[PDB]
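Just one chain is shown here, as C-alpha cells, and it is the form deposited in one PDB entry.
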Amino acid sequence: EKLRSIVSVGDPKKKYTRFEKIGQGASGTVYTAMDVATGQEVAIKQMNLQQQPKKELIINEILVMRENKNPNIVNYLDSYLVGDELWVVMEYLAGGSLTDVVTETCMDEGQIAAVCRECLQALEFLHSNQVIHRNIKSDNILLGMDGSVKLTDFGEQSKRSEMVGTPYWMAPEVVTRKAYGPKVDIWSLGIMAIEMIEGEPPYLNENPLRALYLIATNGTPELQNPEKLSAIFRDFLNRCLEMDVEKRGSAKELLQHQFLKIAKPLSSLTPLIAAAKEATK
C-alpha cells in the first residue's frame, strides 16, 4: 500500500510502445520503449516482486529517487505495478556510455574537463543529501545525444569469496575495508579521468588481489605517460587522488578547480558519440 502510494495508476502497456529488451540486471529485465503521446524514449526495468527480499528497500530507494531529481542524474519518470511485477520507467539516454567513448576515441582535455564538471555537479548534489554513489566509473556515466552527461547505477561480498573482477575505481580507505564517506566518489572520479586520458581503466593487466594491494599502498595508479598531461590537469588529478581523506577535495571544492574552466561546451562530446557508434556497430 506504500507501493500503491508510490506507483502511478494506468496501463503502461498503453502509454508506451516499441519495447526492446536490452538485458537482465540482478534487479530485473530492462527494456527500451517510447512514450506513445510524446515520442520520448524511455528505459523500463521490470522486477518480479513476488518476491524479492528487502522489497521495502526497493520501495524506499525508488521513493527517494522520485523526490530528489537533478539534471546530472538519469531522471526517474514513473512506476507501475503490472501484475506482481514492478515496472520502473527512466528517461533513456541514447548516446551510450562513457566507456564506449573512452575506448573508441581519444578525448582531449577540454572534453575530459566538461565530463568531470558534469559529474562533479551530480556528486555535489548527492553528497549534500548524504548519498554515496560508490561506483563512479565510466560504464555508469550515460551520454545524451545533445552531449548531456548523467550518472546511473547508484543502487556486499564475503571475505570468504574470491574476487573475480578488479575494483579499480575504489579508494584506498574502501579497499582496506574501513568506514568511509563521500570522498570515495571523488577518488573514483580521479580514476575515471585517468581512464579518459589513457583510454582504458588502470590495473588492466593486474590480477585483482595485486590491484587491491597497489590501491591500498600506492594510492593512485602510475599514469602511463604523465609527461603527456597538462600541469593543470595533473593538479586536478592530484586533488582527487590524495590518500589523506581530509586533504582530498570535496565535490564543492573541486567544482572551483581551474582545470574545469578549460571545459568545452557539451556539444563537443557529440562527435565523440558519433565515433563510438560508428566504431561499435
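Think of the rigid core as the biggest set of C-alphas that the two forms share within 1.5 Å after superposition. All residue numbers refer to positions in the sequence shown, first residue = 1.
Visitor: Please classify the coordinate gap between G155 and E156 in terms of deposited residues: none, 1 to 3, 4 to 9, or 10 or more.
Guide: Per the deposited record, the segment joining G155 and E156 lacks coordinates for 4 to 9 residues.
Visitor: Would you determine, from the values in the PDB entry, which of 62-70 and 241-249 has the greater average C-alpha temperature factor?
Guide: Taking the mean B-factor of the alpha carbons in each, 62-70 is higher.
Visitor: Taking only the CA atoms, which stretch has the higher mean B-factor in the record, 35-43 or 221-229?
Guide: Mean C-alpha B-factor is greater for 221-229.
Visitor: Which has the highest CA B-factor per the PDB entry: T17, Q258, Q24, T270?
Guide: Result of the comparison over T17, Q258, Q24, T270: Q24.
Visitor: What's the residue among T103, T176, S188, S97 with the greatest CA temperature factor in the PDB record?
Guide: That would be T176.
Visitor: Quick check on the deposited entry: does the C-alpha B-factor of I6 sit in the lowest, middle or highest third of its chain?
Guide: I6: CA B-factor falls in the highest third of its chain.
Visitor: Determine, from the deposited record, the chain-internal third of the Cα B-factor for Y92: lowest, middle or highest.
Guide: Middle third - that is where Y92 ends up once the chain's C-alpha B-factors are sorted.
Visitor: Looking at the entry's B-factor column for C-alpha atoms only, identify whether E200 ranks in the lowest, middle or highest third of its chain.
Guide: As the PDB entry reports it, the C-alpha B-factor of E200 lands in the middle third of its chain.
Visitor: Taking only the Cα B-factors deposited for this chain, tell me whether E85 sits in the lowest, middle or highest third.
Guide: As the PDB entry reports it, the C-alpha B-factor of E85 lands in the highest third of its chain.
Visitor: Is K159 in the lowest, middle or highest third of its chain when residues are ranked by C-alpha B-factor?
Guide: Its C-alpha B-factor, which the entry lists for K159, ranks in the highest third among residues of this chain.
The discussion below concerns the form deposited in another entry, not included here.
Visitor: Which of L49, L223, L255, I232 has its C-alpha displaced by 2 Å or more between the shown form and the other one after core superposition?
Guide: Among the listed residues, the one whose C-alpha moves by 2 Å or more is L49.
Visitor: How about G110 - superposed on the rigid core, does its CA move between the shown form and the other one by 2 Å or more?
Guide: Where the cores coincide, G110 shows only a C-alpha shift between the shown form and the other one that is less than 2 Å.
Visitor: Using a superposition on the rigid core, decide whether the Cα position of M163 changes by 2 angstroms or more between the shown form and the other one.
Guide: Yes, shifts by 2 Å or more.
Visitor: Superposing on the rigid core, is the CA of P271 displaced by 2 Å or more between the shown form and the other one?
Guide: For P271, whose C-alpha is compared between the shown form and the other one after core superposition, the shift is less than 2 Å.
Visitor: In the other entry, do the Cα atoms of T166 and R134 sit closer or farther apart than here, given a shift of 3 Å or more?
Guide: Residues converge in the other entry, at least 3 Å closer.
Visitor: Once you compare with this form, do the C-alpha atoms of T166 and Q224 lie closer or farther in the other entry, given a change of 3 Å or more?
Guide: Compared with the form shown here, the C-alpha atoms of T166 and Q224 sit farther apart in the other entry, by 3 Å or more.
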